[PDB]
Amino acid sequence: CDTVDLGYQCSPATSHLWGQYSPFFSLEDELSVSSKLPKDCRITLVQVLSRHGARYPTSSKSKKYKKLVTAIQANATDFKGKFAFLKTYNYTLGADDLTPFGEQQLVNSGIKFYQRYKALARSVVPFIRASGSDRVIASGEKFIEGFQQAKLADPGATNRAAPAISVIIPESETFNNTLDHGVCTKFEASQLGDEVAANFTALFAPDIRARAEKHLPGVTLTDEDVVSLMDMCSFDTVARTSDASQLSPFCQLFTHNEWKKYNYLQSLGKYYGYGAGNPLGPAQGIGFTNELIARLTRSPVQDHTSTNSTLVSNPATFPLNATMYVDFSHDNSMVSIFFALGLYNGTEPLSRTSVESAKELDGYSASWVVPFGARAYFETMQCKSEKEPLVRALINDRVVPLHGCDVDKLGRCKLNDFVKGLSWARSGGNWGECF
């Protein structure tokens, strides 16, 4: 179901419509040119930004879910049609940790990285950091495991030492961490994403609630419980087998039309939570953007947002010449980073009353952009076509054409043009508003 190259391709009419809880699916050639290395080009640097893999719900949501399943089982006088399974369903999900399927997605991601960049990766041990969350660290470890699986199988690799995770950045409201938001006080108090999500859920959940209630006489559901039962389709699917080879019984409770509403609900929460919809959302990605610019230009970091000046100024924790960098993060920071980088500056503000496809949204959606196991590659390449290095961004294998610079038909800008166009981030954006 899940493969190294394509990601997850089982039940795609449903499993690609779970927003950030979809398993990564490759978007190669989707509303995009090919991601292949263009003719007469050589990659000279690649930064990877990866989310952790498929996981259990957080302890908070896992509690909520289990409470709800228990109340259904306590309350229902019957379990009719497709709801019959709920009679005997045993809630066994954990909390926070990767599932075994999620571990394997990250090993696959490491294999794909080595294969895609084999020319470089044969001699390079990437410099790796993870945000200090156990599932993020564990994802980094499984990605290294995959990368080395591939590397040791290639008799042409010369530099075979395994990479370590060199920096684990603490997650704290008081620690400047560019791979997880937390310090920007005002933004942390924002309720906008949640209010947009609740207001949208109020539009679509009532029909589904009526229908679920009709099949579960005795039960009363809130619109929130509707969304919980939809969330359980992805969580149970990624936990119930090691290879996510069995779609959860929760999934068939809801129609394909309803899945496209759920998918949009998730795109809404991320856009108004962390993307350009939130007035401080892209500011959360400034720190990483200035770290990437330092890496792309081989120059010291210039930033006063969420970088830590101790960590960026020591080459042990922030080398400027490692050629391959891999950083592990979370969905919501990755959303803010991609928007800080201007990669979604063709996406107009999301309708809060109609579902717009990732195509009307210029390739933006939570499942296209921050699935479980999401990855972005930011490449520099030297092409016979040009003196200057050219930059390209790939998000889940979709070429996402750069904004703010003179972009070509392959989605590329010259490096210094790209960096000049990132003037908002380079100047610290509206980070002052945090305080």
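Under this definition, the rigid core comprises the largest set of C-alpha atoms superposing within 1.5 Å between the forms. Numbers for residues come from their place in the sequence shown, where the first is 1.
S.K.: Kindly name the stretch, out of 236-244 and 86-94, whose CA atoms are displaced more from this form in 4 other deposited structures of this protein after the core superposition?
M.R.: The stretch that sits farther from the shown form in 4 other deposited structures of this protein is 86-94.
S.K.: Taking RMS over all structures and residues, which stretch has CA atoms farther from the shown form in 4 other deposited structures of this protein, 351-359 or 225-233, after a rigid core fit?
M.R.: Looking at 225-233 and 351-359 in 4 other deposited structures of this protein, the bigger mover is 351-359.
S.K.: Read off the CA B-factors in the entry, average them over 187-195 and over 262-270, and name the higher stretch.
M.R.: Between 262-270 and 187-195, it is 187-195 that shows the higher mean C-alpha B-factor.
S.K.: Hey, which bit's got the bigger mean C-alpha B factor in the entry, 389-397 or 61-69?
M.R.: Of 61-69 and 389-397, the stretch with the higher C-alpha B-factor average is 61-69.
S.K.: Looking at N176, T88, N345, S131, which one carries the largest C-alpha B-factor according to the PDB entry?
M.R.: Comparing C-alpha B-factors across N176, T88, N345, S131, the maximum falls on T88.
S.K.: Highest Cα B-factor in the PDB entry belongs to which of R209, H330, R122, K142?
M.R.: Of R209, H330, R122, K142, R209 has the highest C-alpha B-factor.
S.K.: Going by the CA temperature factor in the PDB record, which third of the chain does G218 belong to: lowest, middle or highest?
M.R.: Answer is highest: the recorded C-alpha B-factor places it there.
S.K.: Taking the chain's C-alpha temperature factors as the reference, tell me which third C405 falls into: lowest, middle or highest.
M.R.: For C405, whose C-alpha B-factor we compare with every modelled residue in the chain, the answer is the middle third.
S.K.: Hey, what third does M381 fall into on Cα B-factor, ranked over its chain?
M.R.: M381: CA B-factor falls in the middle third of its chain.
S.K.: Split into thirds by Cα B-factor across the chain's modelled residues, where does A76 land: lowest, middle or highest?
M.R.: Its C-alpha B-factor, which the entry lists for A76, ranks in the highest third among residues of this chain.
S.K.: Taking the values exactly as deposited, rank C41 by C-alpha B-factor within its chain and report the matching third: lowest, middle or highest.
M.R.: Highest third of the chain for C41's C-alpha B-factor.
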